[PDB]
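Chemist: coordinates only, sequence not included:
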Ligand SMILES: [Ca+2]
């Protein structure tokens with residue numbers, strides 16, 4: 001047993017000092033398609049649960065700072081649930097829905113917040129290092145608890161980056177969908193000429209059928225690829 005009671009108290013303060021607040025940006029659906037809405041909701045649910053778990057992590061660091069203070073005293077005296085999973089068309093309706101909404105701007109801003117948060121957590125792990133002049137079974141036990149919190153923090157940073165990547169992925173998907181889905185204006189132009197020109201109808205119809213088939217393909221990919229896994233953080 002080597003003891004430096006002052007070191008123990010300094011490290012108690014350092015371990016429970018505030019960490020950076022997680023970001024609070026709400027991700028909004030990129031458009032009016034159900035798949036897009038479900039992706040945005042899944043991120044809302046994941047991010048909220050991450051915040052709940054980050055708050056419990058701060059309690060854990062408070063609990064640890066107290067245990068250090070109790071160890072310092074005693075040398076003197078002798079001297080959380082899972083993230084819910086979100087349950088996951090005519091050509092013109094599909095185009096209208098795709099084209100209505102912010103097109104992924106909020107998703108990118110959500111992603112920047114959580115990416116940065118990941119980096120900030122990674123930069124605030126010095127507080128969990130071993131002791132210079134505290135040795136014994138108590139010091140070793142406490143060094144194990146500190147290491148557990150460091151690992152937990154680094155895991156939460158990984159989850160933060162993964163959730164940010166989920167958001168960027170859905171933003172990318174939406175851009176792809178807009179490139180590949182017929183536009184509303186293109187579709188209605190085709191329909192107006194069909195409507196006004198009886199002699200053009202038999203020959204216009206295969207163009208329209210191809211637009212409808214491309215719409216079905218894009219919507220199928222959108223529905224499949226926008227289904228996000230809930231982020232389930234570990235308990236601290
Ligand atoms: Ca293309």
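Modeler: Received it, and whenever you're ready, just let me know what you need. Numbering: from 1, shown residues only.

Chemist: the helices in the chain, which residues?
Modeler: In the chain, the segments counted as helices under DSSP state H are 5-16, 34-78, 91-99, 105-122, 137-180, 184-196, 201-225.

Chemist: residue 236 is nearest to which of those helices?
Modeler: Closest to residue 236 of the helices of the chain is helix 34-78 (Cβ to Cβ; 4.2 Å). Quick note: C-beta positions are derived from backbone N, CA and C, even for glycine.

Chemist: what angle do the closest one and helix 201-225 make?
Modeler: 10 degrees (axes from the mean of the first three to the mean of the last three Cα atoms, to 10 degrees).

Chemist: relative to helix 5-16, how tilted is helix 34-78?
Modeler: Between helix 34-78 and helix 5-16, the angle comes out at 170 degrees (the same axes, to 10 degrees).

Chemist: what helices or strands is helix 34-78 leaning on?
Modeler: helix 5-16, helix 105-122, helix 137-180, helix 201-225 (3 or more Cβ pairs under 8 Å, 6 or more residues apart in numbering; DSSP states H and E).

Chemist: quick one: closest of those helices to residue 38.
Modeler: For the helices and strands packed on helix 34-78, the distance to residue 38 is smallest for helix 201-225, at 9.0 Å, taking Cβ to Cβ.

Chemist: what are the contacting residues of the closest one?
Modeler: With contacts defined as Cβ atoms under 8 Å, 6 or more residues apart in numbering, helix 201-225 is touched by 33-36, 88-89, 91, 94-95, 169, 173, 177, 180-182, 186-187, 190-191, 193-194, 197.

Chemist: flag every buried residue along that helix.
Modeler: Within helix 201-225, the residues that count as buried by 16 or more other Cβ atoms under 10 Å are 208, 211, 212, 215, 218, 219, 221, 222, 225.
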